[PDB]
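Let me begin by presenting the structure, written as structure tokens, before commenting on it.
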Amino acid sequence: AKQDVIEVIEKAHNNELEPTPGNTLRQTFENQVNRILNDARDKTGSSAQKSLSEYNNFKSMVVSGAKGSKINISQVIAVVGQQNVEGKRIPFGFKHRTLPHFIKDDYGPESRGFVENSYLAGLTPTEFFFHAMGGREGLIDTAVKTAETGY
Amino acid sequence: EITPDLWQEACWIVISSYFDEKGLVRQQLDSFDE
Amino acid sequence: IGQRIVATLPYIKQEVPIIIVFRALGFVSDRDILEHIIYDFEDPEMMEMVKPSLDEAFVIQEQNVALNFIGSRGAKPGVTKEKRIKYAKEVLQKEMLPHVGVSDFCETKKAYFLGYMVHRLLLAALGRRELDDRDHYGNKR
Amino acid sequence: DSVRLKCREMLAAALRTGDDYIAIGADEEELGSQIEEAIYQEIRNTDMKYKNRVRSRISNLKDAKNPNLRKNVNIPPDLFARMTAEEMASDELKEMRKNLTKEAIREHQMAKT
Amino acid sequence: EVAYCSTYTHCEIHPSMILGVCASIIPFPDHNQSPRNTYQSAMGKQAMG
Amino acid sequence: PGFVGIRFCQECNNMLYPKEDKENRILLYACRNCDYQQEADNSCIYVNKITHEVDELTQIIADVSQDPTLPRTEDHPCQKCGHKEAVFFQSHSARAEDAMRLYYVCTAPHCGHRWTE
Amino acid sequence: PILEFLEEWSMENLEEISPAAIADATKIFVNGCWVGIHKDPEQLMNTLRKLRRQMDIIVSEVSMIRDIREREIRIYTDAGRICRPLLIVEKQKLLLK
Amino acid sequence: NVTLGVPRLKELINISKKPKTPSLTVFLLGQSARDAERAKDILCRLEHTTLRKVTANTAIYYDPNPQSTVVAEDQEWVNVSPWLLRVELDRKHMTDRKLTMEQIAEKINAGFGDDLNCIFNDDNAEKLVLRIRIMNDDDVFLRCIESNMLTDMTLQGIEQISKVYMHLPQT
Ligand SMILES: [Zn+2]
Ligand SMILES: [Zn+2]
């Protein structure tokens, strides 16, 4: 998946990336990268599902429906995935980059928030911060929803 | 001479010196003193 | 017709077109002003954007006339026009932009920084430069 | 009125461009006078409110990238005077460019996902 | 292996110094969902001791 | 199509405004604060690019070559002086219509060559 | 102190500048006050950083920002700026040996 | 572009004149429903198109005599106030909607009446250009139209519609 994203970036930098219907060139590039990384996360999760033994206690709690979903198994075992804020990949908070550790105009997977590790393997510090950025949205939305729906 | 792969132990000596020199509330004490 | 730049100086309830401000700071000639707002005359792109602002103020030339124009919009517009001019001069000297000096002779410092502000407004309008983020912590103390 | 006369004289003057009428060997004054009539008998107002027809026919006869239209006048005037695109579909290079532009715009005016 | 930056100017002393006072007592905060880290940061100020 | 900028009155350095000469049928430039008549030599007064294609390449500056936070490639040798090392980045200009095209600056002093591929 | 060191170096005072001479020259900002021009910013930035690493004129809190694409040097000495320490890396090597 | 969720529930609960996203779903009837090109034709019949959307560049000149123009267009010769305005139209945006300069000139004269006349090129020409003049402050008059005609005049579609998509639905 990372190599495919790199190839998509090469095509975009070469102006070889064809704008898909409706979308623009930059928007179609973002859609391409998101599509590739969604495929990566979903495929890795699916491969994780079939590897679980019958006695696996995550599976017992997911197939029963009591607590959890197959996406939680995917994130715990295989890969966490893409962290979005406001529906887009992590934005360029600094000048043309997401953190001081990355290089200007770097749209690669890990440069824009794609968490490639699992919660068992632990998160690299950059993607730890990106995961915190992604997770803050849930708290903000909860705090505003509570007050907006009661009225 | 450089310090390769010994940096885990060396990475925290500087942190310990930082927190010996400066406490955790130094930004308050310095501000009030100034 | 379009694309007028205004200035909301403090203690002036209304806004004031910028070239009146510059002629209040004592820059009579248009070139002597624009050289503070467009450091490079290689850019017809820059000049044609500020150009309507220079069109608008073509009826204010004398410096004290500019001061009076600023004074008329002041929060305390004394009917005596002399004190209106004095009020505008006080605004521009000390109440406007203190960090660039607040002495009576700082007019050139204030003019250069105001030209920098106008120039960066133009850069942001040309799209040559990205708009500042209000959440960036380099913009917070 | 002379309004018809001058404009069909100009049509004749457009037909003769590039000596193509002489290479083919046809008399173009008759063709111009008939083209103006073919236009008028469809745009049948005395002042030719839509004389866009006549002027566009003149210019398109004078269009140097579609000299084959100037050569053709074997599609007779009665058809030429009515043609959509001002008959420049015969250019077949501008026509292809317009076709590909339409191909693109069919895609670039659609939903996001 | 294939140069990413090759022009570094500074280096993090320890990358874990991005955490605060309550968030740095969590063991393995990089193996947790971030809202759980926030909830522990909130609860670590309620722990008796 | 050109781009007509400002022109200044030599007598007072105020902006000139165009004016048609209704007797000799020629274009002249004039000043509101001075009776200064001078002859135009462009015949165009105002222009406006609505699509607004603009050459970002020109606004690139040779000084960017020394930026430490910029990616570097010897895979694209300098077109001018042949120096291997080049820094590459995107347009960086807001209002860019729709583009991810790259711009390269040579990492050699006094070459200062900026180019696009 | 920073103003003195800058002025005794190869700056042009803003009030002594030719207005047309600002085009090809970087603008220096001390605490936001546009205070001078410098023809060779690559010397001023290195000199200021060298001074900071020695703690002689520029105290350790001051921060000199070099904007490359837009020629501007901004130096901040005022209070309230939040900073953190980092190791320095001049080559692909630490200065911490 | 759907504004669903609690905001939509609020908008519906309190009838309001400006929901965050006013939209229509327009179903087509004949060949327009069956063919993408024919549907695009209706889309262009609907989507608001101004002179600005077709304009490539606007330039204002002073042209002493039409018979000896200062710009290299000879349509002025065949066509038969030296203060001149010239608009050139983008072929991509023109043929996005089958617009012809006949329609452009018609709408221009319908809006500005008799005092302003237009000399259009032909839709096949290398560059689509309109030569426009006042018929007897002419400079600022032509500039005023340079603003208003571009920003305000309607060539196609109906007002109040920002953009129109084309869709093969899945639901
Ligand atoms: Zn003058
Ligand atoms: Zn070179």
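Within each chain, counting starts at residue 1; across the structure tokens, chains are named A, B, ... in the order shown, with ligands numbered 1 upward in that order.
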Residues near residue 24 (chain G), cut-off 9 Å, only C-alpha atoms, skip fewer than 3 positions along chain, as a list in words
residues 39 and 40 of chain C; 20, 21, 39 and 71 of chain G
How about saving the chosen residues, N, CA, C and O atoms kept, as an mmCIF file, in the first residue's frame?
data_model
loop_
_atom_site.group_PDB
_atom_site.id
_atom_site.type_symbol
_atom_site.label_atom_id
_atom_site.label_comp_id
_atom_site.auth_asym_id
_atom_site.auth_seq_id
_atom_site.Cartn_x
_atom_site.Cartn_y
_atom_site.Cartn_z
ATOM 1 N N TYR C 39 7.515 47.321 -3.048
ATOM 2 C CA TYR C 39 8.963 47.502 -3.061
ATOM 3 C C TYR C 39 9.569 47.205 -4.425
ATOM 4 O O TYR C 39 10.720 47.582 -4.670
ATOM 5 N N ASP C 40 8.832 46.546 -5.314
ATOM 6 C CA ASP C 40 9.338 46.163 -6.627
ATOM 7 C C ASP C 40 8.319 46.581 -7.675
ATOM 8 O O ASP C 40 7.222 46.020 -7.733
ATOM 9 N N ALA G 20 13.783 52.195 -3.193
ATOM 10 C CA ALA G 20 13.944 51.183 -4.229
ATOM 11 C C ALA G 20 14.934 50.089 -3.841
ATOM 12 O O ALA G 20 15.013 49.076 -4.547
ATOM 13 N N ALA G 21 15.680 50.257 -2.754
ATOM 14 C CA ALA G 21 16.692 49.292 -2.338
ATOM 15 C C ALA G 21 16.129 48.194 -1.449
ATOM 16 O O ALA G 21 16.888 47.336 -0.987
ATOM 17 N N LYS G 39 21.538 42.811 3.192
ATOM 18 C CA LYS G 39 21.748 42.329 1.829
ATOM 19 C C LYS G 39 22.062 40.838 1.788
ATOM 20 O O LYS G 39 21.694 40.159 0.823
ATOM 21 N N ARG G 71 11.478 37.124 1.839
ATOM 22 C CA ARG G 71 12.726 37.538 2.465
ATOM 23 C C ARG G 71 12.439 38.368 3.707
ATOM 24 O O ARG G 71 12.192 39.574 3.618
#
Selection near region 51-54 of chain D, 12 Å with only C-alpha atoms, sequence-local residues under 6 positions removed, as an MDAnalysis selection string:
(chainID D and resid 3:12 14 32:45 60:61 77 80:87) or (chainID H and resid 78:79 100:103 105:106 119:123)
Name the residues, by chain letter and number, that sit within 12 Å of ligand 2 using only C-alpha atoms and all ligand atoms, and give them as an MDAnalysis selection string.
chainID F and resid 62 65 74 76:87 104:115
Quick one: everything within 8 Å of residue 62 (chain D), counting only C-alpha atoms, minus sequence neighbours fewer than 2 positions away in the same chain. Send it as a count of residues only.
9
Please write out the residues within 6 Å of ligand 1 as a PDB file with N, CA and C atoms, in the first residue's frame, counting only C-alpha atoms and all ligand atoms.
ATOM      1  N   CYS F   9       3.594  60.655 -13.039  1.00  0.00           N
ATOM      2  CA  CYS F   9       3.805  62.004 -13.550  1.00  0.00           C
ATOM      3  C   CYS F   9       5.198  62.484 -13.162  1.00  0.00           C
ATOM      4  N   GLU F  11       6.451  65.433 -13.302  1.00  0.00           N
ATOM      5  CA  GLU F  11       6.465  66.726 -12.631  1.00  0.00           C
ATOM      6  C   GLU F  11       6.201  66.619 -11.133  1.00  0.00           C
ATOM      7  N   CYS F  12       5.360  65.678 -10.707  1.00  0.00           N
ATOM      8  CA  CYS F  12       5.046  65.543  -9.290  1.00  0.00           C
ATOM      9  C   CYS F  12       5.038  64.104  -8.803  1.00  0.00           C
ATOM     10  N   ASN F  14       2.956  61.808  -9.266  1.00  0.00           N
ATOM     11  CA  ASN F  14       1.624  61.283  -9.020  1.00  0.00           C
ATOM     12  C   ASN F  14       1.198  60.395 -10.184  1.00  0.00           C
ATOM     13  N   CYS F  31      -2.350  64.211 -15.530  1.00  0.00           N
ATOM     14  CA  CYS F  31      -2.346  64.226 -14.075  1.00  0.00           C
ATOM     15  C   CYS F  31      -3.394  65.218 -13.582  1.00  0.00           C
ATOM     16  N   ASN F  33      -3.351  66.762 -10.676  1.00  0.00           N
ATOM     17  CA  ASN F  33      -2.725  67.826  -9.911  1.00  0.00           C
ATOM     18  C   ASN F  33      -1.774  68.685 -10.737  1.00  0.00           C
ATOM     19  N   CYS F  34      -1.580  68.371 -12.018  1.00  0.00           N
ATOM     20  CA  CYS F  34      -0.618  69.091 -12.842  1.00  0.00           C
ATOM     21  C   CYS F  34      -1.109  69.111 -14.281  1.00  0.00           C
TER      22      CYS F  34
END
If the cut-off is 9 Å, can you tell me the residues of chain C near chain A, counting only C-alpha atoms? I'd like them as an mmCIF file with N, CA and C atoms, in the first residue's frame.
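Output saved as part11.cif:
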data_model
loop_
_atom_site.group_PDB
_atom_site.id
_atom_site.type_symbol
_atom_site.label_atom_id
_atom_site.label_comp_id
_atom_site.auth_asym_id
_atom_site.auth_seq_id
_atom_site.Cartn_x
_atom_site.Cartn_y
_atom_site.Cartn_z
ATOM 1 N N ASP C 133 -2.885 31.700 10.024
ATOM 2 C CA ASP C 133 -3.763 30.837 10.803
ATOM 3 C C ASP C 133 -3.902 31.401 12.212
ATOM 4 N N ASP C 135 -4.863 29.826 14.759
ATOM 5 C CA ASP C 135 -4.591 28.781 15.735
ATOM 6 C C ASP C 135 -3.108 28.463 15.868
ATOM 7 N N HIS C 136 -2.269 28.958 14.962
ATOM 8 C CA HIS C 136 -0.834 28.719 15.051
ATOM 9 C C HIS C 136 -0.296 29.289 16.357
#
Grab the CA of residue 118 (chain H) to CA of residue 50 (chain H) distance for me, in Å with one decimal place.
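Interatomic distance, CA of residue 118 (chain H) to CA of residue 50 (chain H): 16.6 Å.
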Each residue of chain E with at least one atom at most 8 Å from chain A should appear once, together with its nearest atom pair and the corresponding distance in Å (one decimal); atoms considered: only C-alpha atoms; ordering: chain, then increasing residue number; output as JSON lines.
{"residue": "E:5", "atom": "CA", "partner": "A:103", "partner_atom": "CA", "distance": 6.9}
{"residue": "E:15", "atom": "CA", "partner": "A:125", "partner_atom": "CA", "distance": 6.4}
{"residue": "E:16", "atom": "CA", "partner": "A:125", "partner_atom": "CA", "distance": 7.5}
{"residue": "E:28", "atom": "CA", "partner": "A:122", "partner_atom": "CA", "distance": 7.9}
{"residue": "E:30", "atom": "CA", "partner": "A:123", "partner_atom": "CA", "distance": 5.1}
{"residue": "E:31", "atom": "CA", "partner": "A:119", "partner_atom": "CA", "distance": 4.6}
{"residue": "E:32", "atom": "CA", "partner": "A:119", "partner_atom": "CA", "distance": 6.5}
{"residue": "E:33", "atom": "CA", "partner": "A:135", "partner_atom": "CA", "distance": 7.9}
{"residue": "E:34", "atom": "CA", "partner": "A:132", "partner_atom": "CA", "distance": 5.2}
{"residue": "E:35", "atom": "CA", "partner": "A:135", "partner_atom": "CA", "distance": 6.1}
Convert the current residue selection to file output with N, CA and C atoms, as an mmCIF file, in the first residue's frame.
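Below is the file part-v1.cif, written as the result:
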data_model
loop_
_atom_site.group_PDB
_atom_site.id
_atom_site.type_symbol
_atom_site.label_atom_id
_atom_site.label_comp_id
_atom_site.auth_asym_id
_atom_site.auth_seq_id
_atom_site.Cartn_x
_atom_site.Cartn_y
_atom_site.Cartn_z
ATOM 1 N N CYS E 5 15.632 12.776 4.434
ATOM 2 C CA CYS E 5 15.876 14.198 4.671
ATOM 3 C C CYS E 5 17.334 14.568 4.416
ATOM 4 N N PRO E 15 11.369 11.595 22.432
ATOM 5 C CA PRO E 15 10.052 11.896 21.842
ATOM 6 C C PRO E 15 8.907 11.845 22.842
ATOM 7 N N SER E 16 9.106 11.245 24.011
ATOM 8 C CA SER E 16 8.064 11.119 25.018
ATOM 9 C C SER E 16 7.897 12.386 25.844
ATOM 10 N N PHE E 28 2.815 2.816 28.683
ATOM 11 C CA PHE E 28 2.452 2.471 27.316
ATOM 12 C C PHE E 28 1.242 3.275 26.856
ATOM 13 N N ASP E 30 1.126 4.743 24.115
ATOM 14 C CA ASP E 30 1.097 4.542 22.673
ATOM 15 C C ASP E 30 0.439 3.228 22.279
ATOM 16 N N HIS E 31 0.022 2.416 23.247
ATOM 17 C CA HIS E 31 -0.765 1.217 23.005
ATOM 18 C C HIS E 31 -2.232 1.414 23.370
ATOM 19 N N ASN E 32 -2.644 2.655 23.619
ATOM 20 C CA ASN E 32 -3.996 2.976 24.045
ATOM 21 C C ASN E 32 -4.676 3.862 23.013
ATOM 22 N N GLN E 33 -6.001 3.768 22.957
ATOM 23 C CA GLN E 33 -6.778 4.733 22.198
ATOM 24 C C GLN E 33 -6.703 6.085 22.891
ATOM 25 N N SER E 34 -6.460 7.137 22.109
ATOM 26 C CA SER E 34 -6.129 8.428 22.708
ATOM 27 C C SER E 34 -7.177 8.923 23.696
ATOM 28 N N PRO E 35 -8.483 8.777 23.456
ATOM 29 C CA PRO E 35 -9.447 9.216 24.475
ATOM 30 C C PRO E 35 -9.246 8.530 25.808
#
Could you list the residues in chain B lying within 8 Å of chain G, using only C-alpha atoms, and format the result as a compact mmCIF listing (two decimals) with N, CA and C atoms, in the first residue's frame?
# COMPACT_ATOMS: atom_id res chain seq x y z
N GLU B 1 34.11 12.04 20.94
CA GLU B 1 33.68 10.87 20.19
C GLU B 1 32.17 10.66 20.34
N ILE B 2 31.54 10.13 19.29
CA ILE B 2 30.09 10.09 19.19
C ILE B 2 29.55 8.95 20.05
N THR B 3 28.23 8.94 20.28
CA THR B 3 27.58 8.03 21.22
C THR B 3 26.49 7.25 20.50
Compute the set of chain F residues within 12 Å of chain C, using only C-alpha atoms, and express it as a ChimeraX atom specification.
/F:2-17,31-34,45-49,52,54-56,58-60,91-97
Select, as a VMD selection string, those residues of chain G with any atom no more than 10 Å from chain F (distances computed using only C-alpha atoms).
chain G and resid 41 to 42 66 to 71
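Those residues in region 7-97 of chain G carrying a DSSP assignment of strand (DSSP E or B), computed from the backbone, are residues 12, 13, 26, 27, 28, 29, 30, 33, 34, 35, 36, 37, 38, 63, 64, 65, 66, 67, 72, 73, 74, 75, 76, 87, 88, 91 and 93 of chain G.
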If you keep N, CA, C and O atoms, can you produce a file of those selected residues as an mmCIF file, in the first residue's frame?
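Saved result, selection15.cif, follows:
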data_model
loop_
_atom_site.group_PDB
_atom_site.id
_atom_site.type_symbol
_atom_site.label_atom_id
_atom_site.label_comp_id
_atom_site.auth_asym_id
_atom_site.auth_seq_id
_atom_site.Cartn_x
_atom_site.Cartn_y
_atom_site.Cartn_z
ATOM 1 N N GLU G 12 21.374 47.927 6.910
ATOM 2 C CA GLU G 12 21.011 49.289 6.542
ATOM 3 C C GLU G 12 19.873 49.724 7.451
ATOM 4 O O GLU G 12 18.852 49.034 7.539
ATOM 5 N N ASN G 13 20.045 50.848 8.134
ATOM 6 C CA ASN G 13 18.960 51.368 8.954
ATOM 7 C C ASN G 13 17.749 51.644 8.074
ATOM 8 O O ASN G 13 17.875 52.137 6.950
ATOM 9 N N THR G 26 16.572 41.469 2.370
ATOM 10 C CA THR G 26 15.695 40.913 3.390
ATOM 11 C C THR G 26 15.366 41.948 4.455
ATOM 12 O O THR G 26 16.189 42.796 4.814
ATOM 13 N N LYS G 27 14.148 41.855 4.970
ATOM 14 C CA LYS G 27 13.641 42.779 5.976
ATOM 15 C C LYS G 27 13.795 42.130 7.345
ATOM 16 O O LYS G 27 13.331 41.003 7.556
ATOM 17 N N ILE G 28 14.454 42.827 8.271
ATOM 18 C CA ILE G 28 14.686 42.314 9.620
ATOM 19 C C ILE G 28 13.642 42.902 10.554
ATOM 20 O O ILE G 28 13.391 44.115 10.549
ATOM 21 N N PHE G 29 13.036 42.039 11.361
ATOM 22 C CA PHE G 29 12.000 42.406 12.323
ATOM 23 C C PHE G 29 12.477 41.993 13.712
ATOM 24 O O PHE G 29 12.655 40.803 13.984
ATOM 25 N N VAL G 30 12.692 42.966 14.592
ATOM 26 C CA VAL G 30 12.982 42.685 15.994
ATOM 27 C C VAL G 30 11.729 42.979 16.811
ATOM 28 O O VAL G 30 11.316 44.136 16.942
ATOM 29 N N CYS G 33 9.104 45.036 15.052
ATOM 30 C CA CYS G 33 9.474 46.359 14.568
ATOM 31 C C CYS G 33 10.374 46.204 13.346
ATOM 32 O O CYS G 33 11.535 45.800 13.474
ATOM 33 N N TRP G 34 9.857 46.523 12.162
ATOM 34 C CA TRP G 34 10.700 46.534 10.978
ATOM 35 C C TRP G 34 11.795 47.568 11.179
ATOM 36 O O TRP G 34 11.531 48.774 11.170
ATOM 37 N N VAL G 35 13.026 47.096 11.373
ATOM 38 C CA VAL G 35 14.069 47.942 11.942
ATOM 39 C C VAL G 35 15.286 48.039 11.031
ATOM 40 O O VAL G 35 16.189 48.841 11.287
ATOM 41 N N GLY G 36 15.338 47.231 9.977
ATOM 42 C CA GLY G 36 16.496 47.317 9.105
ATOM 43 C C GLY G 36 16.403 46.388 7.918
ATOM 44 O O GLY G 36 15.497 45.557 7.811
ATOM 45 N N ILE G 37 17.377 46.544 7.021
ATOM 46 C CA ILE G 37 17.540 45.722 5.829
ATOM 47 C C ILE G 37 18.897 45.037 5.918
ATOM 48 O O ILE G 37 19.841 45.573 6.510
ATOM 49 N N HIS G 38 18.995 43.848 5.329
ATOM 50 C CA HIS G 38 20.259 43.133 5.232
ATOM 51 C C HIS G 38 20.390 42.561 3.831
ATOM 52 O O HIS G 38 19.465 41.912 3.336
ATOM 53 N N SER G 63 14.562 34.107 19.715
ATOM 54 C CA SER G 63 14.358 33.212 18.582
ATOM 55 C C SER G 63 14.440 34.013 17.291
ATOM 56 O O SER G 63 13.653 34.942 17.089
ATOM 57 N N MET G 64 15.380 33.644 16.424
ATOM 58 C CA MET G 64 15.535 34.261 15.112
ATOM 59 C C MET G 64 14.886 33.360 14.067
ATOM 60 O O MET G 64 15.304 32.209 13.895
ATOM 61 N N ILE G 65 13.880 33.881 13.373
ATOM 62 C CA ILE G 65 13.171 33.132 12.341
ATOM 63 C C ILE G 65 13.586 33.661 10.976
ATOM 64 O O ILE G 65 13.549 34.873 10.730
ATOM 65 N N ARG G 66 13.978 32.749 10.092
ATOM 66 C CA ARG G 66 14.377 33.068 8.729
ATOM 67 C C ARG G 66 13.311 32.536 7.783
ATOM 68 O O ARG G 66 13.187 31.321 7.603
ATOM 69 N N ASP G 67 12.545 33.442 7.182
ATOM 70 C CA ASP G 67 11.602 33.089 6.131
ATOM 71 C C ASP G 67 12.327 33.183 4.798
ATOM 72 O O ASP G 67 12.763 34.267 4.398
ATOM 73 N N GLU G 72 12.490 37.721 4.868
ATOM 74 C CA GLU G 72 12.171 38.361 6.134
ATOM 75 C C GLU G 72 12.869 37.613 7.254
ATOM 76 O O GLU G 72 12.741 36.390 7.353
ATOM 77 N N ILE G 73 13.589 38.344 8.098
ATOM 78 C CA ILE G 73 14.170 37.798 9.320
ATOM 79 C C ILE G 73 13.421 38.426 10.484
ATOM 80 O O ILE G 73 13.321 39.657 10.577
ATOM 81 N N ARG G 74 12.883 37.589 11.360
ATOM 82 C CA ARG G 74 12.094 38.037 12.495
ATOM 83 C C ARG G 74 12.734 37.519 13.772
ATOM 84 O O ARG G 74 12.904 36.305 13.939
ATOM 85 N N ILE G 75 13.092 38.438 14.662
ATOM 86 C CA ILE G 75 13.734 38.117 15.933
ATOM 87 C C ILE G 75 12.805 38.563 17.050
ATOM 88 O O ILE G 75 12.341 39.708 17.058
ATOM 89 N N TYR G 76 12.537 37.658 17.986
ATOM 90 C CA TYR G 76 11.613 37.902 19.082
ATOM 91 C C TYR G 76 12.339 37.756 20.411
ATOM 92 O O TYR G 76 12.946 36.713 20.674
ATOM 93 N N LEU G 87 18.399 18.939 20.869
ATOM 94 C CA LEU G 87 19.796 18.770 20.493
ATOM 95 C C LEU G 87 20.049 19.420 19.140
ATOM 96 O O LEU G 87 19.166 19.476 18.279
ATOM 97 N N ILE G 88 21.269 19.915 18.953
ATOM 98 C CA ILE G 88 21.671 20.559 17.705
ATOM 99 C C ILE G 88 22.361 19.532 16.821
ATOM 100 O O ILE G 88 23.107 18.675 17.309
ATOM 101 N N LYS G 91 25.974 18.488 11.186
ATOM 102 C CA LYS G 91 26.129 17.467 10.169
ATOM 103 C C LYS G 91 25.089 16.391 10.473
ATOM 104 O O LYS G 91 24.207 16.593 11.317
ATOM 105 N N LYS G 93 25.075 14.366 12.527
ATOM 106 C CA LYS G 93 25.756 14.018 13.765
ATOM 107 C C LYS G 93 25.269 14.939 14.873
ATOM 108 O O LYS G 93 24.961 16.107 14.623
#
From the DSSP assignment of the backbone, select every residue of chain B that is alpha helix (DSSP H), and format the answer as a PyMOL selection string.
chain B and resi 7-21+26-33
Can you list, as a PyMOL selection string, every protein, DNA or RNA residue that comes within 10 Å of residue 62 (chain A) when you count only C-alpha atoms, leaving out same-chain residues fewer than 6 positions away?
chain A and resi 68-73
Quick one: write out the picked residues with C-alpha atoms as a PDB file, in the first residue's frame?
ATOM      1  CA  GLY A  68     -16.828  -4.678  20.025  1.00  0.00           C
ATOM      2  CA  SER A  69     -16.693  -4.899  16.249  1.00  0.00           C
ATOM      3  CA  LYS A  70     -14.389  -6.522  13.715  1.00  0.00           C
ATOM      4  CA  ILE A  71     -12.855  -3.084  13.140  1.00  0.00           C
ATOM      5  CA  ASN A  72     -11.620  -3.117  16.743  1.00  0.00           C
ATOM      6  CA  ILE A  73      -9.959  -6.477  16.134  1.00  0.00           C
TER       7      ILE A  73
END
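In this model, the gap between CA of residue 4 (chain E) and CA of residue 114 (chain A) comes to 17.6 Å.
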So the first atom is CA of residue 32 (chain A) and the second is CA of residue 3 (chain H); what is the distance between them in Å, to one decimal place?
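These two atoms are separated by 24.4 Å.
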Find the spatial neighbours of residue 15 (chain B), counting only C-alpha atoms, within a cut-off of 10 Å - ignore same-chain residues fewer than 5 positions away - and output them as a short mmCIF file (atom, residue, chain, number, x, y, z; two decimals) with N, CA and C atoms, in the first residue's frame.
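Result file selection-v1.cif:
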data_model
loop_
_atom_site.label_atom_id
_atom_site.label_comp_id
_atom_site.auth_asym_id
_atom_site.auth_seq_id
_atom_site.Cartn_x
_atom_site.Cartn_y
_atom_site.Cartn_z
N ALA B 10 22.17 7.78 27.65
CA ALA B 10 22.60 9.16 27.50
C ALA B 10 21.45 10.11 27.21
N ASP B 20 16.92 18.76 37.13
CA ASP B 20 17.63 19.20 38.33
C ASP B 20 17.85 20.71 38.29
N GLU B 21 18.39 21.21 37.17
CA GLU B 21 18.58 22.64 37.01
C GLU B 21 17.25 23.38 37.14
N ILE E 13 15.22 15.31 22.09
CA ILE E 13 15.96 14.68 23.18
C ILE E 13 15.32 13.33 23.46
N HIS E 14 14.04 13.33 23.85
CA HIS E 14 13.27 12.10 23.92
C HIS E 14 11.89 12.41 23.36
N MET E 17 8.72 13.40 25.61
CA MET E 17 8.60 14.68 26.30
C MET E 17 7.53 15.57 25.69
#
Do a neighbour search on region 57-61 of chain G at 7 Å with only C-alpha atoms, toss out local chain neighbours closer than 4 positions, and write the hits as number ranges by chain.
G: 1-2, 51-52, 77
Written selection (N, CA and C atoms) as a short mmCIF file (atom, residue, chain, number, x, y, z; two decimals), in the first residue's frame:
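Saved result, again-v1.cif, follows:
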data_model
loop_
_atom_site.label_atom_id
_atom_site.label_comp_id
_atom_site.auth_asym_id
_atom_site.auth_seq_id
_atom_site.Cartn_x
_atom_site.Cartn_y
_atom_site.Cartn_z
N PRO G 1 20.11 45.25 23.20
CA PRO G 1 21.37 44.59 22.81
C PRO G 1 21.35 44.02 21.40
N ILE G 2 20.25 43.38 21.01
CA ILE G 2 20.15 42.84 19.66
C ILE G 2 20.17 43.97 18.64
N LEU G 51 26.07 33.57 18.03
CA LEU G 51 25.99 34.36 19.25
C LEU G 51 25.11 33.66 20.28
N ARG G 52 23.97 33.14 19.85
CA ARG G 52 23.07 32.49 20.80
C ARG G 52 23.71 31.26 21.43
N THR G 77 12.27 38.80 21.23
CA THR G 77 12.83 38.78 22.58
C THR G 77 11.77 38.96 23.65
#
Chain A residues near chain F (9 Å cut-off, only C-alpha atoms) as JSON, numbers by chain:
{"A": [12, 13, 14, 15, 24, 25, 26, 27, 96, 100, 101, 102, 103, 104, 105, 106]}
